[PDB]
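Student: sequence unknown, structure follows:
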Ligand SMILES: Nc1ncnc2c1ncn2[C@@H]1O[C@H](COP(=O)(O)OP(=O)(O)O)[C@@H](O)[C@H]1O
Ligand SMILES: Nc1ncnc2c1ncn2[C@@H]1O[C@H](COP(=O)(O)OP(=O)(O)O)[C@@H](O)[C@H]1O
Ligand SMILES: Nc1ncnc2c1ncn2[C@@H]1O[C@H](COP(=O)(O)OP(=O)(O)O)[C@@H](O)[C@H]1O
Ligand SMILES: Nc1ncnc2c1ncn2[C@@H]1O[C@H](COP(=O)(O)OP(=O)(O)O)[C@@H](O)[C@H]1O
Ligand SMILES: Nc1ncnc2c1ncn2[C@@H]1O[C@H](COP(=O)(O)OP(=O)(O)O)[C@@H](O)[C@H]1O
């Protein structure tokens, strides 16, 4: 037995979608994955799901490698591309089942993809400029939402966005760049989380190497070293010649990762240095690149100019903790965030929220061309493409029409995964975007999407729910290519 | 051995049965629609291009199918022949709400949205309906004659078709009393040219071996009326044979005394005794058809006799004149010449023996098309033009409604599109391109472009004089929506057998 | 799929939850285990029965692993967790069926646990530290009702010293503690009362030839893994150096020249 | 092809729509017309050999077992085991022709079979039967006028 | 005992979806295999021939409920089913049947003594036809959908207000005459009893007319037999016309000779009489049947005061008015496409009549639409924890059984039941008794319907609660029987 093989391929694609459908979105459910030996696997995102999924049917496999190659380009939306492709496949298979030849389907899908990708460029947003302040803060708070830490959350958002914008790079290409490992969390004791303020640079809690440091020195050349200044029994005891030579080269603040010297206090006040222990290697490289220096395997054999410099060093006790304020180096990379509370363990939620805010702000800072989130883009394309098809004229009317209808599967999945009624929310989105083009007065209504925190229609340009333009463009193009490749098989 | 009677499974079963019922009679819509010979199981195959007759002869056991058929029959008896259209529309509603009830859409939301969309369509149709009654219809009847043309367009009978349309239209003006199906009939005549068909203010019934008594009747008689007798007249030995002779003698005396020009007896009158029964001196007949009777009491009032020597004033009452002439070499029997001869019969004069079906499909539509044109005033372009306009309105208004009704009204608009689809299917053309062009032109270019059956291309059917009563379409759409609502409103089926 | 998968998971959960729901308390029933060979074992412990039983459903395996990993974390309560989880899932039965999404259930459960923590912190009566009377009351509450009823004093004194010889004032005030750095020596022989506590670790291994000094008033133990290192140790001259290499007689005298007493064949556990 | 559509459900739960479609048969349009015209082949190419002076006779036996040899086509097709409805319609076509003419029973059946066969390989080219019917009516009137061209009368 | 609980639960679940105005229709195939569409719970249950004896008990309890309240049977089914299904898990806990029985009895008494504390009653009286018609919209919305209630309430109330004599009201006089034809809006009201006849020899202005009801409705030798038949027919008609008989009613046919004889004495030939008319005529005008045509005697002869044909509805029908009570009988004339939707309309009319009669027995009304149900549930479940002992579990379960009904109404409306019940229960603490569920909105929003006037009866609800509780108690007591 066996008939209309394309139907079986479409059913396989639909099954692959239904495996991953409910997992889309931050509030998506988890999945249990079992192998032959019975290993455990719990995850939400579908990229690793398809990475570890055991697919058997060839047509489903094709979707698997298309999702995989989608992952290698932008690393996001693989669930969305798979769902869009499956919906397009089922709609096109239906259209074939009412005897429309698939060549017109493919032509209409290609034309609709081109029309939509051209429409994206004319309806995107570039508000992620220096003037975007409230949107950044509320986007960071939506990333930080469902947390009690939101009482002082606005101050945290302000300080974190200020730190990430100040630490911004300037690469050869010119596009803004930000090092993720440059900033890190740092616990504090005493006053609660409501008083956790900004730290202008990287600070390490260690022994006071030199308390007599000037508040703002004229020049603070950071000289990170690994060799310890300990007495033994080019020098037999590496205590004086190394530090004297590195000071004579020009370095002012000489940092030794190892332990301190017994008499180093006298040397470090007359040379503007200090021996700070427990320097993290992941942070040692960060401070070396901030100053502009590099780690030294050995001081023996550079140090006059290779070792980086800073224009001020502060040695003061803050919130019952003395910190080594090696801040404002040559390159703005040295930064840290103080976490006020009792310990690292109960502050896991706030450090995780700070990390996610950093990630989302760094994602929206680059790729200045941005689009609204929460399904606003899908509703906008669905409004555009139906009318465009109706105004197109040729035999590919139904192809583009079903393309427009299939672009509204993502909002349905988002609404389901948010426990809200899918049909009501998608209908509200589509109706809100109806007047976004029908009535030119409601021109600002184009940025209307789902509020996943509650499941209500709301503007997301103000709310800051943002995605890169390139990610969505390549997602749509990959989905259309996969749909064409599958539909051209019989 | 599969049992499925739960709420949602029963709903899908019912609407799938409706889908099958529609699939049975999909292809019979339109004037150029094809047909099927269905045998009743008794050896009598049946051909009838009308969908309503097909459902009447069809028998299906599913309760949902039974309800849909009952609604179709109710629509049939009210106005026109929209049974195929309404059944297809309701089935389209059901098949496009399949993917909505299949995942959890509660039936009441669908019912409410369908009612809202039906109200929207019945209100948006009135802004497009155009009245033509004052545009020279009662007098200067060129437009009504063109409406008659539209029922028989694109055929070589056009030379005869113009005369036949003037025929039926003049019959309409002299019978403009809201003509019906039974008030006008046709009779078959073999031989002669097609042009020779002509209208007689009466009926035609050829005399057979058991119909009439003898020839050379007094045709030019001032007051001949139909007389119906319920007594035998045709032709121990001295006890019943002499009784038979006495009965024959007294019946002959009664016939002579009555003087009725036309006499009908309940027993058949044999032609073997034509010389035996030629002594009656006036026309005698027998075995009168019931249709001929029903066409004569309302003509001039033929009487019925119910006694051995029954005599009535209407055996020889007031009717104008009697017609009895050789039609095709055989003398017919016309019960014409009646003051209230409200029955005009089109003499089927043609050289084709199997032309009866083409005459029925080609002469019954003209009288119906002109009658529906006269009865209503507001009309809209046919051939799916109004359906496409309603679909565009409902689709553009669905996106304006925030709520679950949006997808339901969208599916309703998508389901209003089958009429052009079915018309172009029965025309044999590929549906995709013609529907595509029609939809694009209707949405962008014009509000009345409809399907063309002649050149097989998109055209403004408003200019092609493709008319249809606005009220008939309104009530047909309302009935289809009500049927869809009732069939969606099902949850459980209860049988509880007595046995 | 749909609700059926969650229903299967939570049914497999309830089955292994109520398979041993009777096995806790001071009057626990004893369960009956037989392998398919005729071997018979009579068990009264939840961990043992859950270990020996074989089940295939992934949810059951996951919860068994949860119980097993919680066993080493805290010890007592290893079955109450399973009973509580099973009962909570069995009551969530009724909300899964009436078509409410699991997300609201998770939110409600998290709010309930947040209230749980505060309510527990409220009603808990305070108890002091190291005071003998209520400490022994605790010993009777938890340690007793077992096979040490007639020998509770040895357990009491061992616990009393143990809670004081593993103190870690690393990042606070003694709040850090470990249960694996205690040099426990379970050597059979003699009466059970021979147990005692000695301050400082002791090693089951020593020098093969005791013609040499081991005890010094200032033992500067140095960890270590060719005599080059032996006479490079002279950098500070520690009295005793612990290594994992064999020492010869000439090597032993080299150690004496180096003022060190090395050891051999000692595992990392020591 | 076989068993129609093989899904048994839309998601995977137990479900059934058509009662025992495995041993049933569904035909929609072209396949039905092919069945009818294949019946037309059966009847016509059975009938054809009794045409003309060299027309041989036929032996046909019903389920009863009646011995019958004839040469008039209507008589051959009169009592043969007719199974398909259009074949039966051709049977009363021949019956009517015999009733109102009495000669030429062989001609009508063979002509109809040829027309229907050529119509089927017309359909094989993808053409809708309405056009073929119109063209055949035009052919009919052409043939009728051609017959009227060379008519002749007797006493 | 669990099998009985399962049977009752399935029976309740079958008719649960029909609760409220948003009830699904039912495909009803009777014993004689006839199509039938309806949503009324009583109609399907009276057609449902269930087999489990517990189902028999619950259905006969519902029948007793309909006996003296006239409606609410769907409510008692849903309530008793909820009670039994909760009692199922209570028994599964390990409790005894006896103790849950006393708990349910205590809960029922508590509900009965707290019910009269929701006073939203009739305004002033059964008069003010428009006002009471607005009051009577409850059962009309219940059975028939809300689309036609505006006219159905007026048609149903104008007829029952015709004869408000001495405060005594009766139902049997209220009848509905079947008249097919135009749309529903064309339906109207009339006074008396309406049925059609055949002949046209009718006299309108008639004094006291004696109704003659028939128990049994309608060559020389040939001439002799014809003359004998003529003489027999003449004798029969003169026997009919004895004692000055002026009106005669019959379920038979007409004849030219028969109508000639009828007009010989100037008597109308009432024919094609309905099969239901033979004894309703006897009970409405004091008539009686005749074994044949010869024995109409004055002692066994009817008496009607007005016998005239009415052309209302474009149909020829004779109506009897100005009877002995001069206003007792009052019919309702209907108009619709077919009898299928006519049945639901007339059942809604009957429900309105019964609710009005309950109002005659009680001018005290209570809020409806899930208001009083959740109010009683709140009161009972608040009282529950204040009662020590084992009856407390039965008390909370009785409260949950009350909770069940608004959930059923919500899910019938198509909205999420859990959300709306949570919102309604939460608001009822401060948004007090008059709050309740809203039908129109697709969002699960609540709405106060003191202004809406949708208020169900008090005595009917009291009896429904009592009888459903008694039914659940009785079915809980039986243990098993071999079957
Ligand atoms: N807070 C939010 N509200 C609404 N939509 C969101 C939110 N966060 C993310 N999304 C949507 O989720 C989509 C990406 O989800 P997903 O495909 O699961 O990620 P990945 O591809 O990394 O697995 C984005 O297109 C974005 O629109
Ligand atoms: N000449 C024509 N060209 C195109 N369409 C036509 C023509 N004549 C009739 N129709 C279409 O036929 C339809 C009416 O068919 P209908 O009477 O419903 O068929 P049935 O009698 O089988 O139900 C109309 O909607 C009209 O559009
Ligand atoms: N003698 C006792 N009297 C009352 N309760 C007890 C007694 N012994 C133990 N329990 C209770 O039984 C619970 C479970 O403890 P136990 O069964 O000893 O270990 P586990 O929790 O590992 O099964 C404890 O919370 C305790 O309160
Ligand atoms: N002698 C003949 N020469 C040529 N053709 C003949 C001759 N006899 C008969 N035919 C042809 O055979 C055809 C059919 O004849 P036949 O099958 O015998 O009887 P029927 O005419 O009833 O079918 C006729 O059309 C005729 O043209
Ligand atoms: N408009 C309305 N809004 C909300 N509830 C209503 C409305 N109309 C009627 N109801 C409810 O419907 C219930 C009765 O409906 P139903 O069970 O179908 O018939 P019955 O009256 O026989 O119980 C009443 O309790 C009433 O509260």
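Tutor: Happy to help now that I have it. Numbers count the residues shown, from 1 in each chain, chains lettered A, B, ... in the order given. Ligands and ions are numbered 1, 2, ... in the order given.

Student: Look up how far chain C lies from residue B:468.
Tutor: Relative to chain C, residue B:468 is positioned 47 Å away (CB to the nearest CB, to the nearest Å). Just so you know, the C-beta spots here come from the backbone N, C-alpha and C atoms, and that holds for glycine as well.

Student: Hmm, residue B:379 and that residue touching each other?
Tutor: Yes. Using CB atoms under 8 Å, residue B:468 makes contact with residue B:379 at a distance of 5.9 Å.

Student: between those two, what contacts are shared?
Tutor: Overlap of the contact sets of residue B:468 and residue B:379 (by CB atoms under 8 Å, 6 or more residues apart in numbering or on different chains) is empty.

Student: show me the contacts for residue A:231.
Tutor: Contacts of residue A:231 by CB under 8 Å, 6+ apart are A:237, A:239, A:261-262.

Student: Among those residues, name the buried ones.
Tutor: Buried members of the contacts of residue A:231, counted by 16 or more other CB atoms under 10 Å in any protein chain shown: A:239, A:261.

Student: Report the two of the contacts of residue A:231 separated the most.
Tutor: The distance between the two most remote of these (CB to CB) is 11.6 Å, for A:237 and A:262.

Student: the strands in chain D, which residues?
Tutor: Ranges of strands in chain D, per DSSP state E, are D:58-59, D:69-70.

Student: Same list, those strands, but as TSV with mean neighbour count and distance to chain C please.
Tutor: Output for the strands of chain D, formatted as TSV (neighbours: other CB atoms under 10 Å in any protein chain shown; distance: least, CB to the nearest CB, whole Å):
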stretch	mean neighbour count	distance to chain C
strand D:58-59	14	65
strand D:69-70	13	69
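
Student: Let me have those strands in CSV, adding distance to ligand 1 as columns.
Tutor: Converted to CSV, those look like this (distance: least, CB to the nearest ligand atom, whole Å):
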stretch, distance to ligand 1
strand D:58-59, 76
strand D:69-70, 81
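
Student: Now render those as a markdown table, adding distance to residue A:370.
Tutor: As requested, the strands of chain D are exported to a markdown table (distance: least, CB to CB, whole Å):
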| stretch | distance to residue A:370 |
| --- | --- |
| strand D:58-59 | 87 |
| strand D:69-70 | 91 |
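
Student: where along the stretch 151-270 of chain C do the strands fall?
Tutor: Along the stretch 151-270 of chain C, counting by DSSP state E, counting those that start in this stretch, strands occupy C:167-168, C:176-177, C:222-223, C:241-242.

Student: Could you list every helix and strand in contact with the last one?
Tutor: Read it as strand C:241-242. The contact analysis (3 or more CB pairs under 8 Å, 6 or more residues apart in numbering or on different chains; DSSP states H and E) places strand C:241-242 against strand C:222-223.

Student: Ignoring the adjacent residues along the chain, who's closest to residue 151?
Tutor: Unless you meant another one, I'm taking chain A. Nearest in space to residue A:151, with sequence neighbours left out and distances taken as CB to CB, 6 or more residues apart in numbering or on different chains, is residue A:194 at 6.7 Å.

Student: oops, I was thinking of chain C
Tutor: Residue C:151's closest residue in space is residue C:192 (CB to CB, 6+ apart), at 6.1 Å.

Student: The one you found touches residue C:150, doesn't it?
Tutor: No. Between residue C:192 and residue C:150 there is no contact under CB under 8 Å: 10.0 Å.

Student: Please work out which residue of the stretch 251-400 of chain E is closest to chain C.
Tutor: Residue of the stretch 251-400 of chain E nearest chain C, by CB to the nearest CB: residue E:400 (11.5 Å).

Student: so how far is residue B:408 from that residue?
Tutor: Here residue E:400 is placed at a distance of 35 Å from residue B:408 (CB to CB, to the nearest Å).

Student: Residue E:146 too?
Tutor: Residue E:146 sits at a distance of 19 Å from residue B:408 (criterion: CB to CB).

Student: Could you check which of the two has the larger neighbour count?
Tutor: Between residue E:146 and residue B:408, counted using other CB atoms under 10 Å in any protein chain shown, residue B:408 has the larger neighbour count: 27 against 16.

Student: show me the contacts for that one.
Tutor: B:97, B:100, B:105, B:109-110, B:113-114, B:117.

Student: so which strand or helix has it?
Tutor: Element membership for residue B:408, per DSSP states H and E: helix B:405-415.

Student: anything in the next helix or strand after that helix near chain A?
Tutor: Going down the chain from helix B:405-415, the next helix or strand is helix B:418-427, by DSSP H and E. No. On the criterion CB under 8 Å from any CB of the partner chain, helix B:418-427 is out of touch with chain A, staying 9.2 Å away.

Student: Quick check: next helix or strand after helix B:418-427?
Tutor: helix B:431-440.

Student: and the very next helix or strand once past that following helix, which residues are buried?
Tutor: Scanning forward in sequence from helix B:431-440 by DSSP H and E, the next helix or strand is strand B:449-451. Across strand B:449-451, burial judged by 16+ other CB under 10 Å covers B:449-451.

Student: Burial check on residue A:405, number of neighbours?
Tutor: So residue A:405, with other CB under 10 Å, has 16 neighbours.

Student: got a list of what it touches?
Tutor: By CB under 8 Å, 6+ apart, the neighbours of residue A:405 are A:91, A:382, A:386.

Student: now for the host helix or strand of the second one, which elements pack on it?
Tutor: The one in question is residue A:382. Per DSSP H and E, residue A:382 falls inside helix A:376-390. Helices and strands touching helix A:376-390, by 3+ CB pairs under 8 Å, 6+ apart, are helix A:102-121, helix A:397-406, helix A:410-417, helix A:422-438, strand A:448-451.

Student: Can you convert these into a markdown table and add a column each for distance to residue C:89?
Tutor: As requested, these are exported to a markdown table (distance: least, CB to CB, whole Å):
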| stretch | distance to residue C:89 |
| --- | --- |
| helix A:102-121 | 46 |
| helix A:397-406 | 38 |
| helix A:410-417 | 22 |
| helix A:422-438 | 27 |
| strand A:448-451 | 31 |
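
Student: So the residue positioned nearest the centre of chain C, which state does it fall into?
Tutor: For chain C, the residue nearest the mean C-alpha position is residue C:72 (4.7 Å; CA atoms, centre = their mean). Put simply, residue C:72 is helix when judged by DSSP: H, G, I helix; E, B strand; the rest coil.

Student: So which elements touch the top helix by length along chain B?
Tutor: Of all the elements of type helix in chain B, the one with the most residues (DSSP state H) is helix B:237-258. Contacts defined by 3+ CB pairs under 8 Å, 6+ apart place helix B:237-258 against no helix or strand at all.

Student: After that helix, which helix or strand is next?
Tutor: Later in the chain than helix B:237-258, the nearest helix or strand by DSSP H and E is strand B:262-265.

Student: Each with direction, which strands does that next one pair with?
Tutor: Its sheet considered, strand B:262-265 pairs with strand B:226-229 (parallel), strand B:284-286 (parallel) by DSSP bridges.

Student: what's in contact with the first one?
Tutor: When contacts are defined by CB under 8 Å, 6+ apart, strand B:226-229 is touched by residues B:258, B:260, B:262-266, B:288, B:293, B:296, B:302-305, B:310, B:312, B:314-316, B:335.
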